[PDB]
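A short reminder: the numbers here are calculations on the coordinates, not readings from a lab. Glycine gets a Cβ as well: all are built from the backbone with ideal geometry, and neighbour counts include every protein chain shown.
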Amino acid sequence: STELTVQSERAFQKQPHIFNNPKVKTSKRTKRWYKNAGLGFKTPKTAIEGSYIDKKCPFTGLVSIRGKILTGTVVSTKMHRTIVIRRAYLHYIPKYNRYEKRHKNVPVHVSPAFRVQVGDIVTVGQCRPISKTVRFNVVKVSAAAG
Amino acid sequence: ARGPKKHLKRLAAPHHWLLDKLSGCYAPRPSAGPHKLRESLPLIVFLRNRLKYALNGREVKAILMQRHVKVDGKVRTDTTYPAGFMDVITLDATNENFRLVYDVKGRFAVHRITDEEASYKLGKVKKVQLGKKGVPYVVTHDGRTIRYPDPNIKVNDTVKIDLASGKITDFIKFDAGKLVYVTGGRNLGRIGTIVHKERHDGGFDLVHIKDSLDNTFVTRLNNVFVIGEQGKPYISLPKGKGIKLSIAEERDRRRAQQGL
Amino acid sequence: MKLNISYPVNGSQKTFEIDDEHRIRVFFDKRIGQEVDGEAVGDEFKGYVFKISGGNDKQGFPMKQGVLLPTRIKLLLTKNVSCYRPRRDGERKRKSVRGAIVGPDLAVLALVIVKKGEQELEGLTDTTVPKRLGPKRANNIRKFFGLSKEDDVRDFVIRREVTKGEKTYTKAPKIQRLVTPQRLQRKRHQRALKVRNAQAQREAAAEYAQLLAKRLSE
RNA sequence: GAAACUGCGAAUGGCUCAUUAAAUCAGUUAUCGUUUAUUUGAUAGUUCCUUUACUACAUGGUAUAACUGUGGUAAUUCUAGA
RNA sequence: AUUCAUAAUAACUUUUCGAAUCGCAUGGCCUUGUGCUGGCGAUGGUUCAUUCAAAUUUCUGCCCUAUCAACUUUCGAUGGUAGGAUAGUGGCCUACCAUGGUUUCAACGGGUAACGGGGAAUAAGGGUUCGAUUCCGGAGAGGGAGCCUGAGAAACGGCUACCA
């Protein structure tokens, strides 16, 4: 569950059209923009005080949350900024009248204002597809048993 | 498949046009226009299935080309014109004024009105938005955009708009306890009140409808359409008054009225 | 081969069929656009400085400009370039073509006189044909007759005479771009509609501002 | 009222079912992730010039078809020269 | 839910749009110049809206097959940064940087006499087989790719290339 420095790659990670004016004495140490996610969900305090960028985040970021809202547990965490959900559910069969246990996987974009690991029932909404698998951004988290 | 359909066969048009299955393959396929092709009705099926003033498309074309049919006041020679909701199709020849309002069953029927009330159509607004030079504007559901509104208007408010002025007259602010005309689904064409209103923020908010005769139902909100004050609707209403009798008492009314 | 010769200044054109190989071979190693004198093919052509224009091969496959390396060849053609009128607009087509440099099997060459010599040719020196359809734009008529700005070009147009079986009558071109009281009323109406719609939106904005002041009065 | 120039449409219809097995497709979603002729409805007061010796607005230019005539090739909804 | 609509500033732009158009009527004026106004409706012309649409896209759902138990990565396989491309998101592609992603809850590979769905047949109920076919959606114009025109086509009653 690792993090990084301020700037790492060959660009300078900032947000678009946010201009920390060097001439005026910035009493505050940044101009950190964010938004409210809606659907009753709360921006974490870590997001506002934080120092990541992640343009794909619903918080301090440029994508938006709409479409389906879902939950699920976390089975993989070994990517960079993405986890892998397992929406466990039951499938009916008409003929046998009996359920059958089934699952999918739906990898979502873990933002670095959210500390997740294996366990961690999360809640996560749809956010204008990010890469080939990931269409979902995590918005709320919770632990597993303790 | 490379571009826009211009044909549309029978067994694919809406059912509120009530077209017979036979005497063609095709169904008169609205042009682009003010009203959607699920919620509108072309002038040709209006004139030849619902008013019987012609028997042939040859005939309907000549009828429209004689410049009498002033659908919302303007002469229309286009057979494929999508006449839709709250439309004020008037004449000069028979001096009649038809307003496209529904049935209790969900069918654009005939509603013959006077010259008074043939001079205003209603409209639900569906987005109100700000444009060039700081000018606000308001949409309707025929696509009549209107600049310089009353700022008291919000979304889902209805407006009485005349024919030719535009010039937004008496609107109705939307809230609880108002007469509306539900125009979709199975609640299409029934009239009730705004007994309760609910917001499911994010998807498809709803409104409880109580009619006069104690029948609660609960509709979606793109099917709502305010027709006005409590017992005071701004236009006239058909037979049934949008009440949707049960089928057994419907048969009972038909049988009792059958004969003297 | 067969040689068409054209003189535009009198507006005429005529085919000859010279066969003397010693005369014909002087036109080889020559592309389209060059100038010659035809003293080899005829002493009657002496002094007549020509300019080669084009022609067809022994199969009718024509030539063009900048179509060098002269054996018969295929080429993808487009609009606005010759040897192909597009049968469906937008379409291009691959038509065959022949090179402009004169070789032996150029079955028809055609050329123009650009400088008249001294001798006489019976059908292209004294026989003159005027133009068929006269000027029809007003400024074309003004430049054709050398007319001034207000010389009333209405009644100075080319009138053509026809009889039906006996009934003689004149006819004239319908002059387009004439300044008419029609266009006067049209420009008047269009400008007036523009300024009036502008003033109407201004006054509507003013009335709306009064209404917003009344709303803000609370 | 032929021929053409123009603008439109020939992307619709029609046919078959070879492929394609989480692909299509059916329900159910989104465009806060974008284009859209058309029809409908709105909409447009400013274009050049150290703002005096201005520079068409009662209005500016040639450049091509159909046509005329000379032709090709056995031959195309072929075309060239003028 | 917004960096949303919008508004303003500083400029930039092979400076896009701002009717050199047409048909009926022929009307009102005085300072008669043959001057000044003047309607009805036809195409266009910029953005926005509506409509007809289209493309992506969330979820969930497919017949047989283990005599198919591991698959994916040169050449993108999963994910990030940033750029190009695009109508626009997007590994769609490129550089760089991590080894990820899937799977005995059946992945990947094979079959099919596989277009799918609306439905059809047979029907006690539970079902089983079929659906090339009168409608929607798809896909293709001999096989395969490329591209002009155009709002819209990888158009074939269009073109070009090869192969048959």
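Between C:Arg215 and C:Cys83, what is 0.36 nm times their sequence separation minus the Cα-Cα distance? Round to one decimal in nm. Walk me through the numbers on the way to the answer.
Numbers: separation 132, 0.36 × 132 = 47.52 nm, distance 7.35 nm.
Stretched fully, the C:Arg215-C:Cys83 segment lengthens by 40.2 nm.
Think of each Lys and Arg Cβ as +1 and each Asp and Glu Cβ as -1; about the Cα centre, that makes the dipole of chain A roughly 380 debye. Please state the shape class of the range B:174-244: rounded when a/c is under 1.5, otherwise prolate if a/b exceeds b/c and oblate if not, all from the C-alpha gyration tensor. Verdict is prolate for the range B:174-244.
Packing-wise, with mean Cβ within 10 Å as the measure, how do B:239-245, B:81-87 rank, highest first? Display every interim value, and only then the final one.
Numbers: B:239-245: 16.3, B:81-87: 23.9.
Averaged packing, sorted descending, gives the order B:81-87, B:239-245.
Mean residue ellipticity at 222 nm from the helices of chain A, using -39,500 (n - 2.57) per DSSP H segment of n ≥ 4 over the full residue count, to the nearest 500 deg cm²/dmol?
Working: 1 runs with 5 residues, N = 146.
Result for chain A, helices only: -500 deg cm²/dmol.
The mean count of C-beta atoms from other chains within 10 Å of the C-beta of residues in B:133-141, rounded to a whole number, is 1. Among A:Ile93, A:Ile65, A:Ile83, the largest mean-square fluctuation in a Gaussian network model of chain A (Cα springs under 10 Å) belongs to A:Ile93.
Around the Cα centre of the range B:174-244, unit charges on the Cβ atoms of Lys, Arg, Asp and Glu (plus for the first two, minus for the last two) sum to a dipole of about 320 debye.
If you sort the three axes of the alpha carbon gyration tensor as a ≥ b ≥ c, you get a/c of 1.5 or more for the range B:121-171 and a/b above b/c, which makes it prolate. For B:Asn97, the residues 5 or more places off, or on other chains, whose built amide H falls under 5 Å of its own are B:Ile113. Springs between Cα atoms under 10 Å define the GNM used for chain A, and in it the highest mean-square fluctuation of A:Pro16, A:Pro58, A:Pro107 occurs at A:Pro16. Identify, among C:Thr128, C:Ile141, C:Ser82, the residue whose Cα sits farthest towards the positive end of the charge dipole of the range C:3-159, taking +1 on the Cβ of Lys and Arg and -1 on the Cβ of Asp and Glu, with the dipole about the Cα centre. Highest projection toward the positive end goes to C:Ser82. Each residue of the range A:83-99 is assigned a 3J(HN,Hα), and the resulting list reads 10, 9, 8, 10, 5, 6, 7, 10, 10, 6, 10, x, 4, 8, 6, 10, 5 Hz, derived from the Karplus form 6.51 cos²θ - 1.76 cosθ + 1.60 (θ = phi - 60°), x at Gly and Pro. From the residues B:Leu122, B:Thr90, B:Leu11, which one has its Cα farthest along the dipole of chain B in the positive direction, the dipole being from +1 and -1 charges on Cβ of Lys/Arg and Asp/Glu about the Cα centre? The Cα lying farthest towards the positive end belongs to B:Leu11. According to the Cα-based calculation, Rg over Rh for the protein assembly as shown is 1.15, with Rh computed by the Kirkwood formula.
Placing unit charges on each Cβ (+1 for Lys and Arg, -1 for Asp and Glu) gives the range B:121-171 a dipole about its Cα centre, and among B:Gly131, B:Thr145, B:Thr169 the Cα reaching farthest toward its positive end belongs to B:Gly131.
Once fully extended, how much extra length lies between B:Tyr26 and B:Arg220, figured as 0.36 nm per residue of separation less the alpha-carbon to alpha-carbon distance?
Values: separation 194, 0.36 × 194 = 69.84 nm, distance 3.24 nm.
Contour length minus the Cα-Cα distance gives 66.6 nm.
Peptides B:65-73, C:84-92 ranked from most to least packed, by the mean per-residue count of other Cβ atoms within 10 Å: B:65-73, C:84-92.
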